[PDB]
Amino acid sequence: XXXXXXXXXXXXXXXXXXXXXXXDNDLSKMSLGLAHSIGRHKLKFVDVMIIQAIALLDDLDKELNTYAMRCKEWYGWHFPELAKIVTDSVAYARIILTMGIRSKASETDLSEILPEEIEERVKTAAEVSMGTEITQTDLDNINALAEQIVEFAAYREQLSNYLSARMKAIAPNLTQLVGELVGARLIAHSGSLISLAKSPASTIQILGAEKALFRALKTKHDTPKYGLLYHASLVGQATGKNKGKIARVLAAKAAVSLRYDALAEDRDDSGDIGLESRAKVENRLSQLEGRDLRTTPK
Amino acid sequence: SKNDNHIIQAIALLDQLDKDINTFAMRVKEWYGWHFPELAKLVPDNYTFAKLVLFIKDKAXXXXXXXXXXXXXXXXXXXXXXXXXXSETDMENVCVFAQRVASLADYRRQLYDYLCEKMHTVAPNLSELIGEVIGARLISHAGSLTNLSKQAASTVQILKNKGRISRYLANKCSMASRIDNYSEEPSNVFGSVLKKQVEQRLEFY
Amino acid sequence: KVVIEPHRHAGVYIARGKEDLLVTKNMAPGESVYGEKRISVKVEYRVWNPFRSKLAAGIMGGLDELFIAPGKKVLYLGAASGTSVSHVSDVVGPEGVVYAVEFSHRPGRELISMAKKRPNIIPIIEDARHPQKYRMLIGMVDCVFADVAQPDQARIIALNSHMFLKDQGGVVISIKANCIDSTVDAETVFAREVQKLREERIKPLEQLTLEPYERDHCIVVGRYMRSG
Amino acid sequence: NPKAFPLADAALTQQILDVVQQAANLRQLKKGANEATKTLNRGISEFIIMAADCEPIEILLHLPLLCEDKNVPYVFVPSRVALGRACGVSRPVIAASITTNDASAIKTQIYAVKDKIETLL
């Protein structure tokens with residue numbers, strides 16, 4: 001059929017006014033959802049999804065220890081000494097399941113969880129320990145805390161797995177450069193990816209521990225050198241005062257890497273520029289440890 | 001035997017579970033807001049909302065566990081008119097988080113049971129006069145049961161009502177923790193007998 | 001302590017304190033469109049930016065009848081990052097809505113996520129040159145506001161004037177001087193645009209100059225007659 | 001580079017780097033994008049000069065985003081070694097930042113060339 005045009009202005013306006021009688025926030029909110037799909041499809045595919053993952057992850061380390069003190073202190077009425085010999089929480093949550101009672105202790109061997117030094121130690125802890133027997137009613141949620149902490153560790157592995165993969169998704173070169181947990185904490189103190197990408201190199205240094213920075217700014221003191229970049233996988237790989245200057249060098253190359261990741265529309269998503277940076281950072285480190293401040297006599 | 005240590009351990013765990021699971025439910029709810037934020041007002045039940053987050057992994061019709069019957073249809077007709085974004089591996093790890101919300105709420109539920117059971121074992125006069133919640137938290141409130149008995153009726157505090165009933169109910173619950181402290185085998189009948197003296201005064205209230 | 005004052009229109013407000021401020025009630029607790037501040041006086045209130053939103057600039061400049069009213073539904077064009085559409089929704093409240101239009105692709109996700117949290121904002125990413133590309137979504141608006149960067153802002157606002165204007169409804173157009181002439185003085189361009197805007201059934205009521213908020217902006221208040 | 005938003009011509013780049021060549025000689029000039037983001041933060045930047053052929057060029061693109069935020073003029077000059085030599089540095093420089101002082105010797109030499117860059121928008 002033919003199509004008529006050049007005069008549909010008033011007719012389109014009039015049936016648009018009739019659709020307002022068809023009505024008003026509900027139809028226009030279905031139109032809002034229309035715009036929500038058609039625009040979110042349009043300009044991308046974020047900064048916000050990764051920033052509560054790090055808050056959850058930092059809550060997980062605290063939550064493991066503050067359930068782990070409960071895990072020992074509920075088990076010191078059966079084994080006071082088993083708190084002191086093995087100190088890691090996942091071995092304790094495994095060793096409620098693995099040791100069992102003191103009669104099941106000497107029978108059950110420990111090739112999986114702390115062997116060959118601590119097997120003798122738990123066999124010497126089983127024979128003398130000043131705690132009591134604990135009943136089968138008691139081994140219902142003592143017995144279940146031991147697998148709850150195990151599942152908390154497994155969920156922490158899912159947290160680290162998702163953080164590590166999505167770091168390669170969002171920031172492919174910086175998380176090829178400095179490490180991914182700093183790769184979370186830097187955006188965490190930043191906020192947006194742009195909020196760090198608009199932050200200069202000297203703010204990639206002192207992003208976290210900025211008190212002594214401010215004690216250096218207003219009191220006449222001296223700033224930290226390392227900052228939140230201390231715990232990254234490359235600053236501690238030096239020694240001594242050499243760990244100071246490298247705190248610039250990564251924070252330099254981070255600005256070269258983050259803005260390669262936060263500001264490139266065509267992108268390999270493959271970590272090269274970050275590795276091109278990290279090769280030179282390692283080369284500055286290898287030239288830096290080459291020097292020695294001693295006297296080298298002939 | 002007759003121990004009071006496990007009750008304090010169970011309560012000291014339960015408070016952190018009650019600070020853990022609802023927190024992780026708000027975390028999962030913040031995550032699912034980038035897939036379906038609309039269901040969380042229709043389904044605020046944070047265990048069963050983390051069952052329905054666990055249930056329909058992608059969008060939406062023909063539902064079974066959405067009702068087990070108005071919230072099922074109210075979620076299906078809302079999930080048809082979708083508002084948020086959409087990916088998959090993020091959604092999978094987030095569903096694993098909602099699974100941990102489910103398992104941790106289940107562990108809190110199993111903690112509740114053995115808590116009330118060790119209550120009913122060791123302190124039945126504390127669980128009959130009041131109930132296992134206030135009674136099991138009471139032996140944390142003194143730190144231990146032997147520090148409940150040496151406390152007075154005035155020195156202990158619980159929750160015209162506050163001046164009278166929080167003193168006289170404290171009297172009988174202290175006297176309940178007495179016969180729970182020094183008996184070898186405590187009874188459930190005289191907990192209700194000392195409950196009934198609060199019952200006459202409370203019918204007078 | 002803090003004095004909270006009704007501005008010359010309903011919906012808008014004014015903080016008198018240590019410093020004077022133009023302020024506006026917040027629809028949702030605790031979220032920002034662009035990182036802006038807030039104040040509890042308890043009732044929530046948010047400072048507007050006349051330097052960033054030309055609507056707030058005509059609001060602080062002294063203008064008689066801005067047609068954005070708490071009862072009414074208002075159209076917007078040129079929503080650069082949505083700097084105004086939360087302000088229009090918070091000045092109309094829930095009974096009124098803002099139907100926003102923005103065609104540039106880079107900053108529109110903040111408008112989308114702003115309509116995600118405050119229900120009065122509705123978005124448009126369809127094209128405004130041919131306005132019947134978003135014919136399906138809005139119908140028969142009361143008053144319009146314009147912030148696009150095309151030279152035919154008179155004609156593109158005419159192409160929305162022949163569609164969405166309520167007959168005997170008002171219209172405010174925020175005109176920048178740079179898109180059209182950019183060398184000759186702004187008033188000889190504003191009389192030219194008034195001559196062109198009377199050609200499409202808007203008879204102007206007021207002309208207003210943003211002197212300390214913009215360099216040579218304007219807003220034209222008129223009332224569109226006899227069509228819609 | 002299609003991300004070259006305004007890359008100046010041969011002519012205006014000469015005067016821009018002339019203001020650079022004099023701006024180091026009053027020490028009225030900071031050099032480097034990392035220092036440029038500090039000068040823009042403390043606002044004493046007159047304008048921000050960018051190079052175009054450095055690899056990768058994305059490592060400075062936050063500064064046009066920043067100079068739209070603070071409303072500071074900016075341009076793209078073609079090559080980094082020119083920028084470094086006009087800054088008086090032996091090194092290549094991707095970005096220069098002219099510091100503000102109303103009493104320095106080249107001040108109107110700022111403003112007329114600055115109004116050049118302010119023409120370009």
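Restricting C:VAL148, C:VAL85, C:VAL91, C:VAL171 to those that are within 13 Å of another protein chain (Cβ to nearest Cβ), at negative phi and touching a strand residue (DSSP E or B) at 6+ places or on another chain (Cβ under 8 Å) reduces the list to C:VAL85. Entry remark, region C:173-228: residues being hydroxyl-bearing (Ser, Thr, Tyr), part of a loop (DSSP other than H, G, I, E, B) and under 16 Å from C:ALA158 (Cα atoms) number 1 in total.
Residues in region C:14-37 include at least one that is of a type in the set (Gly, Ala, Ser) and not in a loop (DSSP other than H, G, I, E, B). Under the condition of being in contact with a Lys or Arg (Cβ under 9 Å, 6 or more places away or on another chain) and farther than 17 Å from C:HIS9 by Cβ, the residues counted in region C:98-114 number 7.
Of the helices (runs of 4 or more DSSP H) entirely within region B:1-66, those holding at least 3 residues that are within 12 Å of chain A (Cβ to nearest Cβ) and touching a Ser or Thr at 6+ places or on another chain (Cβ under 7 Å) occupy B:5-32.
Every residue, every condition in (1) at the interface with chain D (Cβ under 10 Å from one of its Cβ atoms); (2) touching a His at 6+ places or on another chain (Cβ under 9 Å); (3) closer than 17 Å to D:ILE59 by Cα; (4) not in a helix (DSSP H, G or I), yes or no:
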{"residue": "A:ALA247", "(1), (2), (3), (4)": "no, no, no, no"}
{"residue": "A:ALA254", "(1), (2), (3), (4)": "no, no, yes, no"}
{"residue": "A:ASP261", "(1), (2), (3), (4)": "yes, no, yes, no"}
{"residue": "A:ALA264", "(1), (2), (3), (4)": "yes, no, yes, yes"}
{"residue": "A:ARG278", "(1), (2), (3), (4)": "no, no, yes, no"}
{"residue": "A:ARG284", "(1), (2), (3), (4)": "no, no, no, no"}
{"residue": "A:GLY290", "(1), (2), (3), (4)": "no, no, no, yes"}
{"residue": "A:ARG294", "(1), (2), (3), (4)": "no, no, no, yes"}
{"residue": "A:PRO297", "(1), (2), (3), (4)": "no, no, no, yes"}
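Per this entry, C:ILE59 is counted among residues that are farther than 27 Å from B:UNK84 by Cα and under 16 Å from the mean Cα position of the chain (by Cα).
The set of residues in region B:171-192 that are surrounded by 14 or more Cβ atoms within 10 Å (Cβ to Cβ) and among the hydrophobic types (A, V, I, L, M, F, W, C) comprises B:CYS173, B:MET175, B:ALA176, B:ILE179, B:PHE190. If you go through region B:79-97 and pick out every residue that is assigned to a helix (DSSP H, G or I) and within 11 Å of chain A (Cβ to nearest Cβ), you end up with 10. Taking the criterion of being in contact with a helix residue (DSSP H, G or I) (Cβ under 7 Å, 6 or more places away or on another chain) and acidic (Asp, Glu), would at least one residue in region B:94-106 satisfy it? No, every residue in region B:94-106 fails to be in contact with a helix residue (DSSP H, G or I) (Cβ under 7 Å, 6 or more places away or on another chain) and acidic (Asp, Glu). Among the residues of region C:114-138, those identified as at the interface with another protein chain (Cβ under 8 Å from one of its Cβ atoms), surrounded by fewer than 18 Cβ atoms within 10 Å (Cβ to Cβ) and part of a loop (DSSP other than H, G, I, E, B) are C:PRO119, C:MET136.
When A:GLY191, A:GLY208, A:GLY179, A:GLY227 are checked against the criterion of being under 26 Å from A:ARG156 (Cβ atoms) and over 16 Å from the mean Cα position of the chain (by Cα), A:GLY227 stands alone in meeting it.
Here is a yes/no grid of residues against (1) within 14 Å of chain C (Cβ to nearest Cβ); (2) assigned to a helix (DSSP H, G or I); (3) touching a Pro at 6+ places or on another chain (Cβ under 9 Å):
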residue: A:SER37; (1), (2), (3): yes, yes, no
residue: A:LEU56; (1), (2), (3): no, yes, no
residue: A:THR66; (1), (2), (3): no, yes, no
residue: A:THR87; (1), (2), (3): no, no, no
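Candidates A:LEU213, A:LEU186, A:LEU250: the one that is in contact with a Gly (Cβ under 9 Å, 6 or more places away or on another chain), crowded, with 21+ Cβ neighbours inside 10 Å and not β-branched (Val, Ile, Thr) is A:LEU186. Considering only residues in region D:44-71 that are among the acidic types (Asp, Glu) and within 11 Å of chain A (Cβ to nearest Cβ), the one that is surrounded by the fewest Cβ atoms within 10 Å (Cβ to Cβ) turns out to be D:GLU55.
Just one residue in the set A:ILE95, A:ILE101, A:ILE54 is more than 26 Å from B:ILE11 (Cα to Cα), surrounded by 14 or more Cβ atoms within 10 Å (Cβ to Cβ) and β-branched (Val, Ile, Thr); that residue is A:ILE54. If the condition is being within 30 Å of A:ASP26 (Cα to Cα) and of a type in the set (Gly, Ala, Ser), then region C:135-194 contributes C:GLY139, C:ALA146, C:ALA158, C:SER161, C:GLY169, C:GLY170, C:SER174.
In the condition set (1) among the acidic types (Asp, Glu); (2) at the interface with another protein chain (Cβ under 8 Å from one of its Cβ atoms); (3) not in a helix (DSSP H, G or I), A:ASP47 is compliant with all but (2).
Restricting region C:103-113 to residues that are within 9 Å of chain A (Cβ to nearest Cβ) and in a loop (DSSP other than H, G, I, E, B) leaves a set whose member that is surrounded by the most Cβ atoms within 10 Å (Cβ to Cβ) is C:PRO107. For region A:136-177, residues that are touching a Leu at 6+ places or on another chain (Cβ under 6 Å) and either more than 8 Å from chain B (Cβ to nearest Cβ) or not in a helix (DSSP H, G or I) (or both) total 5. Any residue at all in region B:70-83 that's surrounded by fewer than 20 Cβ atoms within 10 Å (Cβ to Cβ) and closer than 23 Å to A:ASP47 by Cβ? Yes, region B:70-83 contains at least one residue that is surrounded by fewer than 20 Cβ atoms within 10 Å (Cβ to Cβ) and closer than 23 Å to A:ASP47 by Cβ.
Note on region D:1-27: among residues that are of a type in the set (S, T, N, Q) and either farther than 30 Å from A:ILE194 by Cβ or touching a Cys at 6+ places or on another chain (Cβ under 7 Å) (or both), the one that is surrounded by the most Cβ atoms within 10 Å (Cβ to Cβ) is D:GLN22.
Filtering B:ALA136, B:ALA123, B:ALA105 for residues that are in contact with a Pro (Cβ under 8 Å, 6 or more places away or on another chain) and more than 11 Å from chain A (Cβ to nearest Cβ) leaves a single hit, B:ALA123.
Considering every residue within region A:2-19, establish whether at least one is in contact with a strand residue (DSSP E or B) (Cβ under 6 Å, 6 or more places away or on another chain), crowded, with 17+ Cβ neighbours inside 10 Å and at the interface with chain C (Cβ under 10 Å from one of its Cβ atoms). Scanning region A:2-19, I find no residue that is in contact with a strand residue (DSSP E or B) (Cβ under 6 Å, 6 or more places away or on another chain), crowded, with 17+ Cβ neighbours inside 10 Å and at the interface with chain C (Cβ under 10 Å from one of its Cβ atoms), so the answer is no.
Looking at C:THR83, is it among the polar types (S, T, N, Q), touching an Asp or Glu at 6+ places or on another chain (Cβ under 7 Å) and crowded, with 19+ Cβ neighbours inside 10 Å? Considered against the rule, which asks whether it is among the polar types (S, T, N, Q), touching an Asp or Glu at 6+ places or on another chain (Cβ under 7 Å) and crowded, with 19+ Cβ neighbours inside 10 Å, C:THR83 comes out as no. Name every residue in region A:190-223 that is away from chain D (no Cβ under 11 Å), in a loop (DSSP other than H, G, I, E, B) and touching a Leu at 6+ places or on another chain (Cβ under 7 Å), in order of residue number. Of everything in region A:190-223, those that are away from chain D (no Cβ under 11 Å), in a loop (DSSP other than H, G, I, E, B) and touching a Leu at 6+ places or on another chain (Cβ under 7 Å) turn out to be A:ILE206, A:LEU207, A:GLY208, A:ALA209, A:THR223.
If the condition is being hydrophobic (A, V, I, L, M, F, W, C) and within 15 Å of the chain's Cα centre (by Cα), then region C:141-164 contributes C:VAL141, C:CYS143, C:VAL144, C:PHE145, C:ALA146, C:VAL148, C:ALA149, C:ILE157.
All of the numbers you see were taken from the coordinates with simple rules; none came from a lab. When we count neighbours, we look across all protein chains shown, and the Cβ atoms used for this are built from the backbone with ideal geometry, even at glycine.
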